[PDB]
*Asks:* 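Got a structure for you, questions after.
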Amino acid sequence: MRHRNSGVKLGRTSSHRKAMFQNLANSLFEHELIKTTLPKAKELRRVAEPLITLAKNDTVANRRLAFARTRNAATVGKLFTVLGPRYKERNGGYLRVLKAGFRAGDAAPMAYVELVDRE
Amino acid sequence: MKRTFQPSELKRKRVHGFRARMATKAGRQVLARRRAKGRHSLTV
Amino acid sequence: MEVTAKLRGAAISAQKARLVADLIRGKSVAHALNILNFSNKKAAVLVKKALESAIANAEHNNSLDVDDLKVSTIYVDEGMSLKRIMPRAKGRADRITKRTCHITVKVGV
Amino acid sequence: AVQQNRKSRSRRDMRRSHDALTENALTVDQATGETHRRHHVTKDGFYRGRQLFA
RNA sequence: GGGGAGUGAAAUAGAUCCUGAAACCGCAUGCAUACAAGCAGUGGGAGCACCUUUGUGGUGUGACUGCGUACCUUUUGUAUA
RNA sequence: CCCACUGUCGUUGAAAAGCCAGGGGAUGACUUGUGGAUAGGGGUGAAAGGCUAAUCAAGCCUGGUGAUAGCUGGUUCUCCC
RNA sequence: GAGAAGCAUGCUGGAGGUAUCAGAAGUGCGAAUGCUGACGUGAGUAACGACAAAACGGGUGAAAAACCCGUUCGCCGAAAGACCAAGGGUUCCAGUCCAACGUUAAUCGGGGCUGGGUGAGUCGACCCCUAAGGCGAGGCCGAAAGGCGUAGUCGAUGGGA
RNA sequence: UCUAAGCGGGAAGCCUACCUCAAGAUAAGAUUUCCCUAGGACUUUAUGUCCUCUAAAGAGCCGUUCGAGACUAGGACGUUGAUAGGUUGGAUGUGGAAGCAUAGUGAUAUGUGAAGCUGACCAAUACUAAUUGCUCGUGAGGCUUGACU
Ligand SMILES: [Mg+2]
Ligand SMILES: [Mg+2]
Ligand SMILES: [Mg+2]
Ligand SMILES: [Mg+2]
Ligand SMILES: [Mg+2]
Ligand SMILES: [Mg+2]
Ligand SMILES: [Mg+2]
Ligand SMILES: [Mg+2]
Ligand SMILES: [Mg+2]
Ligand SMILES: [Mg+2]
Ligand SMILES: [Mg+2]
Ligand SMILES: [Mg+2]
Ligand SMILES: [Mg+2]
Ligand SMILES: [Mg+2]
Ligand SMILES: [Mg+2]
Ligand SMILES: [Mg+2]
Ligand SMILES: [Mg+2]
Ligand SMILES: [Mg+2]
Ligand SMILES: [Mg+2]
Ligand SMILES: [Mg+2]
Ligand SMILES: [Mg+2]
Ligand SMILES: [Mg+2]
Ligand SMILES: [Mg+2]
Ligand SMILES: [Mg+2]
Ligand SMILES: [Mg+2]
Ligand SMILES: [Mg+2]
Ligand SMILES: [Mg+2]
Ligand SMILES: [Mg+2]
Ligand SMILES: [Mg+2]
Ligand SMILES: [Mg+2]
Ligand SMILES: [Mg+2]
Ligand SMILES: [Mg+2]
Ligand SMILES: [Mg+2]
Ligand SMILES: [Mg+2]
Ligand SMILES: [Mg+2]
Ligand SMILES: [Mg+2]
Ligand SMILES: [Mg+2]
Ligand SMILES: [Mg+2]
């Protein structure tokens, strides 16, 4: 049974799952539009919107939290200079998930993930 | 598992080669048989 | 008058292709092209190739109009198999047949 | 483990009477005029009045 | 891979190429079939469809119904599990 | 490194004898490479009838040979007395 | 037509067939856990071969989860790294192709095709020397075939710039 | 004289009674409510066919999902919207964050301050995604009798 439970498994161990979602968040924050599978895209919101919420207040503890959670100095620098101040006055919902067909070699449902006010 | 073949080329020639078969009478009969049958290779 | 196209020697089995051939039998040519365009099956690509060829033959050699055409006939036959060997446990060996098909499309007004 | 009699060709076709395929939900995006899978981005990156990767 | 064109007496004589059977597998048309229990036929027998004649004809199907437990071998004796 | 005591798994196996977790010996009557010797009623055996090319109360190949079988199976078109 | 069977004819086929009466037989198949080929049912079912692990951006392409480039993540590290002997025999490198082969696709490959590539007085082999063991002029023995052995001559896994 | 006529009592047992299913109960039951009222030809002359017009009530596809679930089926919602995610507040668990200052030779301790962080919970909130749609389902529903009109 699975009553009222959150989270996914996606065929991985706990640590592999954590690493993969962290990698996805870093790639998204760099390129601002990425293509993934739809089940991976819908769980990325739950990982990547809290980081933007955190980057809205630029203190040393917040930046050290963001580095413990991203382990990427370029991402921490982009969050507290670009992405945080861009969404300072938006109340959640900083991403956008859009169904985009199926993968050729796989027949897997795919999706685009993009930032809201990009370009 | 260790299997039975275990190749060595010197031992192949010394047990089965042309000069081994030519050094006895029954080997010369093996060679006569194999020439009468028309084999394209006389020995190993 | 029906215009024909044949695709002989497709590298799929006839049982798998007959499922896609049942989906477009008797429909208008544009609707069938849409169905084949938005399919995730592998047989859809081969069937779309044969249907495109039949439409081109109908319009070039016979000089017909395309919005009036229909998928009047379509059927799948079996081709010749390829025989292969698959080693099994304890020294046993199985025989694998790799199957083939022939698709035949007939487009008409 | 295994059958005692072969299956008639009629009972083999009766089992396959649930093996048929269905169509998808396709719509016309008269913002762009093309056919596309409902609720999906089109082949060139259009959805509900927006364009990705211009 | 095919469709036209062209060769040839002939191309379902086109190179897996004379003839091209059967098992097996499709597509099309007609009839039957979703309240009824078994070696799937046989004796009856309504209806429908198509040919034909002015039919007490022909072809296909077969609602309903009586009867009815494969073949070979070996055995005193086999639907025989 | 050589071995193979227990258990789960595997038994159309990843494998015609294994994996995994434990287990024994580990300077000796040890383990191992290369080359050689012993050949079938024979060889070798700290001995289980063990091994002698996935074959062993007598190896494999060819011949005698189409061995023999008071046994099992099979035996093909039609009609009449 | 009582039967094994016969006769006529439409279509296909494209070069042989054969009365009557005699004659000779590889003269008739449903079974032999019969023999050879082909095709079914099971069923689009089990499985896709170590539980070290992936993600994204770009490129090329008809098509990219798997190829190339980049940025991250993870695994081995007395081995899953480097090197010889044995064995194999071109698998090595470049260009080009994707039918079959590769337990999926492949633009990739130890796959197909077309070219190229191994340079020694000092490394090794050959060479000189011998062990076990083999062969063995004469010789001894044995129905034949043959067996053993002296002088010798081979034979490295050991000695010799 | 309990039986022949007639009239009785009598058990955790039987039928009911309690819970759940149940009209494929082919005899396929009932009740409330809702929807459909266009034209031409025509002959195999009858629930006959053909061509334009029409497409309802509703159902499904699709999407956001669930205390429902192997796949299904079933429940809720799809902008006139709180269906899911996020955001904001709360609650809970852990137990005294980082930086700085002070005391100490130092390990460390104290203050700032029950701080910082906090899956799945409660409440609000259109910020993101639930679309512009498509398919199916028709056009008054044979006959014979008998009652009411
Ligand atoms: Mg939930
Ligand atoms: Mg999986
Ligand atoms: Mg760990
Ligand atoms: Mg093997
Ligand atoms: Mg059929
Ligand atoms: Mg012909
Ligand atoms: Mg032919
Ligand atoms: Mg009935
Ligand atoms: Mg029955
Ligand atoms: Mg008996
Ligand atoms: Mg008996
Ligand atoms: Mg009887
Ligand atoms: Mg039985
Ligand atoms: Mg072990
Ligand atoms: Mg010890
Ligand atoms: Mg013997
Ligand atoms: Mg002896
Ligand atoms: Mg004997
Ligand atoms: Mg015999
Ligand atoms: Mg015969
Ligand atoms: Mg036969
Ligand atoms: Mg037989
Ligand atoms: Mg099954
Ligand atoms: Mg299953
Ligand atoms: Mg499976
Ligand atoms: Mg693998
Ligand atoms: Mg170690
Ligand atoms: Mg190595
Ligand atoms: Mg190479
Ligand atoms: Mg392939
Ligand atoms: Mg090559
Ligand atoms: Mg030399
Ligand atoms: Mg000698
Ligand atoms: Mg001599
Ligand atoms: Mg020498
Ligand atoms: Mg040496
Ligand atoms: Mg909160
Ligand atoms: Mg801490």
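These values consider heavy atoms only, across backbone and side chains, with no hydrogens, waters or symmetry-generated copies. Residue numbering restarts at 1 for every chain, and letters A, B, ... go by the order of the sequence lines.
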*Asks:* From the set F:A17, H:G86, H:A130, return the single nucleotide nearest to any side-chain atom of A:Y94.
*Replies:* H:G86

*Asks:* Could you tell me whether F:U31 and F:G73 make a Watson-Crick or G-U wobble pair, using a cut-off of under 3.5 Å for both distances?
*Replies:*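 Pair flag for F:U31 and F:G73 is false.
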
*Asks:* Just the table, please: protein N/O against nucleotides 11-14 of chain F N/O, every pair under 3.5 Å.
*Replies:*
| unit_1 | atom_1 | unit_2 | atom_2 | d |
| --- | --- | --- | --- | --- |
| F:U12 | OP2 | C:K90 | NZ | 3.3 |
| F:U12 | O2' | C:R92 | NH2 | 3.2 |
| F:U12 | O2 | C:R92 | NH2 | 3.4 |
| F:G13 | OP1 | C:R88 | NH1 | 3.0 |
| F:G13 | OP2 | C:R88 | NH1 | 3.4 |
| F:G13 | OP2 | C:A89 | N | 3.3 |

*Asks:* Regarding E:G2, can its base be found pairing with the side chain of C:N57 as donor and acceptor, where the two atoms are less than 3.5 Å apart?
*Replies:* yes

*Asks:* Between H:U132 and D:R38, counting only base atoms on the nucleotide and side-chain atoms on the residue, is there a donor-acceptor pair under 3.5 Å?
*Replies:* yes

*Asks:* 5' to 3' on RNA chain G, which nucleotides open and close the contacts with chain B (atom under 4.0 Å from a heavy atom)?
*Replies:* G:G87 to G:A156

*Asks:* Which residues in residues 2-9 of chain C have a heavy atom closer than 4.0 Å to any atom of RNA chain E?
*Replies:* C:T4, C:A5, C:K6, C:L7, C:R8

*Asks:* For H:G111, what is the paired nucleotide under Watson-Crick or G-U wobble rules, both distances under 3.5 Å?
*Replies:*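 Looking at the geometry, H:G111 pairs with H:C100.
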
*Asks:* Looking across every strand, which nucleic acid part, if any, lies under 4.0 Å from A:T53 by heavy atom: base, sugar-phosphate, or nothing?
*Replies:* sugar-phosphate

*Asks:* Need one value for A:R96: base, sugar-phosphate or nothing, where a base atom within 4.0 Å counts as base even if backbone is also close, heavy atoms only.
*Replies:* sugar-phosphate

*Asks:* When we call it a touch if two heavy atoms are under 4.0 Å apart, what does A:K99 touch: a base, just sugar-phosphate, or nothing?
*Replies:* sugar-phosphate

*Asks:* Both distances under 3.5 Å and Watson-Crick or G-U wobble geometry: does that hold for G:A50 with G:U103?
*Replies:*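 Taken together, G:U103 and G:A50 make no base pair (Watson-Crick or G-U wobble, both distances under 3.5 Å).
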
*Asks:* Using the 3.5 Å cut-off, write out each protein N or O paired with an N or O of nucleotides 32-40 of chain F and the distance between them.
*Replies:*
| unit_1 | atom_1 | unit_2 | atom_2 | d |
| --- | --- | --- | --- | --- |
| F:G35 | OP1 | B:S8 | OG | 3.3 |
| F:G35 | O3' | B:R14 | NH1 | 3.2 |
| F:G36 | OP1 | B:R14 | NH1 | 3.3 |

*Asks:* For RNA chain G, whose closest nucleotide is more 5', that of D:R15 or that of B:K25?
*Replies:* D:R15

*Asks:* In Å and rounded to the nearest 0.5 Å, what is the CE to CG distance from A:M110 to A:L98?
*Replies:*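 Reported value, rounded in 0.5 Å steps: 13.5 Å.
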
*Asks:* Give me the distance, rounded to whole Å, that separates F:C60 from F:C77 when you measure between the P atoms they each carry.
*Replies:* 44 Å

*Asks:* Any salt bridge (charged side-chain N to carboxylate O under 4.0 Å, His left out) involving residues 46-68 of chain C? Give me the pairs, sequence neighbours left out, ordered by first then second residue.
*Replies:* C:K48-C:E52

*Asks:* Which is more 5' along RNA chain G, the nucleotide nearest A:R103 or the one nearest A:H16? Just name the residue.
*Replies:* A:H16

*Asks:* How far does the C1' atom of H:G29 sit from the matching atom of H:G24, given to the nearest Å?
*Replies:* 14 Å

*Asks:* Report, one pair per line, the protein and nucleotides 115-121 of chain H atoms (nitrogen or oxygen only) whose separation is under 3.5 Å.
*Replies:*
| unit_1 | atom_1 | unit_2 | atom_2 | d |
| --- | --- | --- | --- | --- |
| H:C117 | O3' | A:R69 | NH2 | 3.3 |
| H:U118 | OP1 | A:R69 | NH2 | 3.2 |
| H:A120 | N3 | A:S6 | N | 3.1 |

*Asks:* Mind checking if B:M1 touches a base, just sugar-phosphate, or nothing, with heavy atoms under 4.0 Å?
*Replies:* sugar-phosphate

*Asks:* Does D:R37 reach a base, just sugar-phosphate, or nothing at all? Heavy atoms under 4.0 Å.
*Replies:*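 The residue D:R37 makes no contact with any strand.
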
*Asks:* Counting N and O atoms only, with roles assigned by atom type, does the side chain of C:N57 sit under 3.5 Å from a partner on the main chain of C:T4, one being a donor and the other an acceptor?
*Replies:* yes

*Asks:* State, to 0.1 Å, how close A:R86 and A:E32 come at their nearest heavy-atom pair, and which atoms those are.
*Replies:*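 Looking at all heavy atoms of both residues, the shortest contact is NH1-OE1, 3.2 Å.
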
